[PDB]
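Listed here are the chains, written in short residue letters.
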Amino acid sequence: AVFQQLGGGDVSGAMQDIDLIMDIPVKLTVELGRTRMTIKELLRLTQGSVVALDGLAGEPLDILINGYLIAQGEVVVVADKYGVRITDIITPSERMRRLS
Amino acid sequence: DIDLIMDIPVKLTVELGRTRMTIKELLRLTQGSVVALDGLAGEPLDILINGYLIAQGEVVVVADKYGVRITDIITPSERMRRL
Amino acid sequence: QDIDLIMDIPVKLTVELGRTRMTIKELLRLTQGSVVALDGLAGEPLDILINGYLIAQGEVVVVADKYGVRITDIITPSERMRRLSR
Amino acid sequence: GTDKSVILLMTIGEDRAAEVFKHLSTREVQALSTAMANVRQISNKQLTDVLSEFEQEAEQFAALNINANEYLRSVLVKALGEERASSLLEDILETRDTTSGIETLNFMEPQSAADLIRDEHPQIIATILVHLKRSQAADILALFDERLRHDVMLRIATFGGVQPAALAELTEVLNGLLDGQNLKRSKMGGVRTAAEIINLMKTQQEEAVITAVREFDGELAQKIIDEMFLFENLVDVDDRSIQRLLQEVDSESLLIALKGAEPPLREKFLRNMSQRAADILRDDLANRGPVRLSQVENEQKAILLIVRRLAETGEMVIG
Amino acid sequence: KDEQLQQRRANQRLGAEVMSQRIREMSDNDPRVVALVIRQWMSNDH
Amino acid sequence: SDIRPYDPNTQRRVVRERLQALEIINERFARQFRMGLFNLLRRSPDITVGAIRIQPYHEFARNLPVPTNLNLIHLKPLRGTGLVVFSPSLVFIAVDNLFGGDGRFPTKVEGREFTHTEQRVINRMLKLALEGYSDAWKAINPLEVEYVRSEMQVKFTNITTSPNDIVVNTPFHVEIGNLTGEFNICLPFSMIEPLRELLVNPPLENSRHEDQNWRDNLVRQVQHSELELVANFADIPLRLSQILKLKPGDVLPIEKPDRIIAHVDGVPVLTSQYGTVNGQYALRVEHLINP
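Quick notes on the rules
- Residues numbered from 1 in each chain as written, not as in the entry; some residues may be left out.
- Chains lettered and ligands numbered in written order.
- Heavy atoms only, no water.
- Residues with missing side-chain atoms left out of burial classes, pairs and counts.
- Helix = DSSP H or I, 4+ residues; strand = E, 2+ residues; numbered from the N terminus.
- Contact = heavy atoms within 4.5 Å.
- Pairing = 2+ DSSP bridges.
- Nonpolar A, V, L, I, M, F, W, Y, C, P; charged D, E, K, R; others polar.
- Axes fitted to C-alpha atoms, helices over the stretch in contact; angles between N-to-C directions.
- Left-handed = near helix turned anticlockwise from the far one by under 90°.
- Salt bridge = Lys/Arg side-chain N within 4 Å of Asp/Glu carboxyl O.
- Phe/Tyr/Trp six-rings, centres within 6.5 Å; stacked < 30°, edge-to-face > 60°.
- Polar contact = N/O pair within 3.5 Å; in protein donor to acceptor, adjacent residues only side chain to side chain.
- Domains from an automatic or database assignment.

Time to look at the overall build of chain E. Looking only at helices and strands, one finds 2 helices and 0 strands in chain E. Each of the three principal axes of chain E carries a C-alpha extent, and together these read 40 × 30 × 5 Å.

Looking now at the overall build of chain F. Helix and strand counts for chain F stand at 8 helices and 14 strands. Taken along the three principal axes of its C-alpha coordinates, chain F extends 100 × 55 × 40 Å. Counting contacts in chain F only where the partners sit at least 6 residues apart, residues at least 24 apart contribute 65% of the total.

Moving on to the sheet that holds strand β3 (residues 35-36) of chain C. Read across the open sheet, the 10 strands follow the order β3(C)-β14(F)-β13(F)-β12(F)-β10(F)-β1(C)-β4(C)-β5(C)-β6(C)-β11(F); overall the sheet is antiparallel. Each end of this open sheet is capped by a strand with a single partner; those strands are β3 of chain C together with β11 (251-254) of chain F. In terms of strand pairing, strand β1 (residues 10-16) of chain C meets strand β4 (residues 46-50) of chain C through 3 bridges, oriented antiparallel. Bridged to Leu13 of chain C within β4 of chain C is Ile50 of chain C.

Contacts between the two partners involve 22 residues from chain D, matched on the other side by 18 residues from chain F. Of all the elements in the fold, those that place two or more residues in the side of chain D that touches chain F are α10 (122-131), α12 (146-157) and α13 (164-178) of chain D. Examining the composition of the side of chain D that touches chain F, we find that 7 residues originate from one element, α13 of chain D, more than from any other. For the side of chain D that touches chain F, the class distribution of residues is 10 nonpolar, 7 polar and 5 charged.

Attention now moves to the packing of α10 of chain D against α12 of chain D. Residue and element names in this part refer to chain D. At a closest axis distance of 9 Å, the pairing of α10 and α12 adopts a crossing angle of 65 degrees. Every pair of crossing elements has a handedness; the one defined by α10 and α12 is right-handed. Residues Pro122, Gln123, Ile125, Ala126, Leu129 and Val130 of α10 touch α12, and the partners they reach there are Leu148, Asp151, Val152, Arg155 and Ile156. Of the residues in the contact of α10 with α12, the class split is 8 nonpolar, 1 polar and 2 charged.

This part takes up the pattern of salt bridges. A salt bridge links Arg98 of chain A to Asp62 of chain A; the shortest N-O distance between them is 2.7 Å. Residue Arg98 of chain A is found in helix α2 (residues 92-99), and its partner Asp62 of chain A is found in strand β3 (residues 61-65); the two are separated by 36 residues along the sequence. With a closest N to O distance of 2.4 Å, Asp115 of chain D and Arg118 of chain D form a salt bridge. One network of salt bridges, in which partners are shared, links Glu16, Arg19 and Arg21 of chain C together with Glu228 of chain F.

Of note, the amide linkage connecting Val66 of chain F to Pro67 of chain F takes the cis form, showing an omega dihedral of -5 degrees. Tracing the backbone through its elements, the reader meets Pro67 of chain F in the loop between α2 (57-63) and β4 (69-76). In this structure, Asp64 of chain B takes a positive phi of about 65 degrees despite not being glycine. Phi is positive for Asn278 of chain F, which is not a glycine, with a value near 55 degrees. Residue position: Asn278 of chain F is located in the loop between β13 (267-277) and β14 (280-288).

A few words on the interface of chain A and chain B. Contact with chain A, which involves 48 residues of that partner, is made by 50 residues of chain B. Among the elements of the structure, β1 (26-38), α1 (39-44), β2 (50-56), β3, β4 (68-78) and β5 (81-89) of chain A are those that each provide at least two residues to the side of chain A that touches chain B. Per-element tally for the side of chain A that touches chain B: the top contributor is β1 of chain A, with 13 residues. Alignment of β1 of chain A against strand β2 (residues 19-21) of chain B, held across 3 bridges, turns out to be antiparallel. Bridging from a neighbouring strand, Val26 of chain A pairs with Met21 of chain B of β2 of chain B.

In this section: the packing of aromatic side chains. Centre-to-centre distance and the angle between the planes together describe a pair of aromatic rings. Residues and elements named next belong to chain F. With a centroid separation of 6.3 Å and an interplanar angle of 65 degrees, the aromatic rings of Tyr57 and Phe60 are classed as edge-to-face. You can see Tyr57 and its partner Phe60 sitting in helix α2, 3 residues apart, about one turn around the helix. Between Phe172 and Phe183 the ring centres are 4.8 Å apart and the planes differ by 15 degrees, which places this aromatic pair in the stacked class. Placement of the pair is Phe172 in strand β7 (residues 166-176) and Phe183 in strand β8 (residues 179-188), with a sequence separation of 11 residues. Here the aromatic cluster, defined as three or more aromatic residues joined through ring pairs, consists of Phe29, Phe33, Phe86, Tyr133, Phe172 and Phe183.

In this section: the arrangement of the chains. Left apart from each other, chain C and chain D have a closest C-alpha approach of 64 Å. Over all C-alpha pairs, chain A and chain E never come within contact, reaching a minimum spacing of 69 Å.

Residues and elements named next belong to chain C. Looking at the secondary structure, you find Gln57 in strand β5 (residues 53-62). Only 2.9 Å separates the side chain of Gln57 from the side chain of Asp47, close enough to count as a polar contact. Leaving out residues up to four positions away in the same chain, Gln57 has contacts with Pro45, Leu46, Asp47, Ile48, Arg70, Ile71, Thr72, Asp73 and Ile75.

On to the domain arrangement of chain F. Per the domain assignment, the segments of chain F are domain 1 (20-212) and domain 2 (226-288). Inter-centroid distance (C-alpha atoms) of domain 1 of chain F to domain 2 of chain F is 58 Å.

Remember that side chains alternate between the two faces of the sheet whenever the strand is regular. Residues and elements named next belong to chain B. Bridge count between strand β1 (residues 9-15) and strand β4 (residues 45-49): 4 bridges; the pairing is antiparallel. The residue bridging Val14 from the neighbouring strand is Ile47, located in β4. Here β4 runs beside strand β5 (residues 52-62); their pairing, made up of 5 bridges, is antiparallel. Across the sheet, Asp46 pairs through a bridge with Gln56, a residue of β5. Here β4 hands over to β5 after 2 residues, with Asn50 in that stretch at a positive phi of 55 degrees.

To continue, consider the packing of helix α9 (residues 110-117) of chain D against helix α11 (residues 134-143) of chain D. The geometry of a pair of packed helices is captured by two quantities: the angle between their axes and the separation between those axes. Residue and element names in this part refer to chain D. Taken N-terminus to C-terminus, the directions of α9 and α11 make an angle of 65 degrees; their axes are 9 Å apart at the nearest point. The element α9 and its partner α11 pack so that their crossing is right-handed. Only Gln136, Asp139, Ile140 and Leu143 of α11 make contact with α9, whose side of the interface consists of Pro110, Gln111, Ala113, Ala114 and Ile117. Each residue belonging to the contact of α9 with α11 can be placed in one class, and the counts come to 6 nonpolar, 2 polar and 1 charged.

This is the structure we're talking about:
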């Protein structure tokens, strides 16, 4: 019974600003491609096998922060190091196009 | 019972890059900004199933469609090192 | 043919209230407080699905002040075939 | 009054009107040419009254306008010297500037203009040149590369006239560059000044500087040497030096040089020869008719070179 | 009236013919003065 | 089986699409520009419209000569920045004709830049070019063309976020007498993309009233189309291991659904509270999900 029971703390909610949370690390990840595939072919997979991805080659790649899609970029090579070039923040319409 | 889970669909992804950033950095990105990736060129791309890493493999393009060759399947020994 | 390789992969399970098929007309004139039915009688077990694929059937149950699905059965392919057929 | 002036010019005659136009400004000449042929009005009384009124007032300004620039030039020449008169006349001319920048381009130094218009299109260069003074344009093309020179000259030969809009555009482009800046580069000190500076220092430094200049460029050294001793200090030469130099001076060349010389110089130079020789030289000078200054200048230059050589050798002196 | 008009016209055509001769001698004496006076007349006309 | 290693920065994105509406706008603009050039140069030019090229931006940049006058233009209300490229040959011909030249001598270009007078001549030409282009576009889609900046090098424009972006290039060839020159009009595909369905099919002799009546009737025809609406009560995350041992009679705990999402083929359309009405599973609609 050490912990004190908190309740009724739903005072209000309003966005303050985006600098209170600024220096918080984000997990950025660029995605090469997607493919919907069942377990059928999944175990059929051996070493050296090739899995085709739904994404057409040369299309803009997807950029996610903490696993949430935010933007579409393009992959570039700078000094032998892989790099993405941000092209456009995705729209809610393409977000749902992605969902379906 | 294996037959039940031998047919189910699942979502597969392969990730090409991984970078850690603050928001000063994310906001600073504009249009055309190039973001460097911690991953070196030629290293095996992670392959994830519903966000769960199971394998590593190189990038290859077949018939003008993106693809990946499964170089190896990671044993959970490397998972400790993944964090 | 590995088994421990995918023994741990996570899946997401969804449960439905019911089907219904209704045109653009009624959808556009739906207002707040409007009530729309479903194709299922109140009482049949709901359909559990994974990645849009049928996996089980079960209904919601109230134990104390908590909720959960009480699975009724597991659909064999034969039943899945008649599901598609009818 | 312009119509009356046009009528008077028409009634005067072709030669008088042409002379007046040659003594008239461009805008005034154009207006007079246009109005006279355009609409001409003759009045039995009003024209006569206007002519009488105009004639009644032409008393004071007529004498000033008769000789204004010539008198100023003569005064400048007689006041300080030919070198200072040229600078004074240049300043007086530059006092009246030009509005359109194209004409302002011919008051700029040739190299500045050549650098300014080198990168322009060859046709634009050609258009600038026919609007620019001919002397300046020749210098500009001299500074221009031979390929560009030939191309621009060919364009000049076959010019076909500019659109008024393009000409106005070029005019305002040049105006925007050269209107708020002064291009009157004052040039003080050429070779006359260098020779004057040299003449007043020590002999060892004099020979050192002249040989340094000769090493740099022989023509500049010779020009400095000629400006060093003009054909006017011969009156200060000693009688013995004059007699010594007379032995190497041709009688015809000496007479040609002394034909335009000052009477005092001739009298001083006639005291070194014999009485018969002096009488013969005087008779030859009296009988000699006027000649072009080109040959007299060459004869005087030869005599001065001989005198300078004698002095450098060490067989002449001054005083 | 016709005779008086003819006499006036003859005087005008005689004195103007004399005036034309007079303007030629003056312009030969000073050609630039006439141009300057003409320019001054145009300037004053403005 | 064709399988080759993935090489970045390779021209692998090919988007070929015939643009009939641009194919006719080019000729309309060419006719307008020809008379404008006749009005200006006092000569008779002939403009041949080349084939429209759909190419990556760095191909267009590398094919261009150096130096060349580039004219950044704004085709409002279309977001983006197009480019009008005047060749050194064309500006040389125009300057030669304007400034007392019958084009007798051959045109010589050796990397020479453009002076202020040449820039003003090019501005005068580009005014006519932009007026003609706006008038040509006016027939299909009324646009206003604004000239914002002129440059001489290629690296100053960068109207494409990346050099691999796709742009639409139309080269025209203008001949005056024996002299010839060319000039291009390049539009980034981002500007054209909202108007692709308009620029793809050849124009038809119709009216704006007829067009709006058309989609109006089509909209009304669409309304009588049945949809499939799916309500999601809960979404519980289980591992594969749980699914295989999962057998009838088990209880899988779920959380409180405050609202129920209703989606058509994945896309959510409604959130509504669950209920039972007339023995049927019912939903009390609370909010249509507007974008």
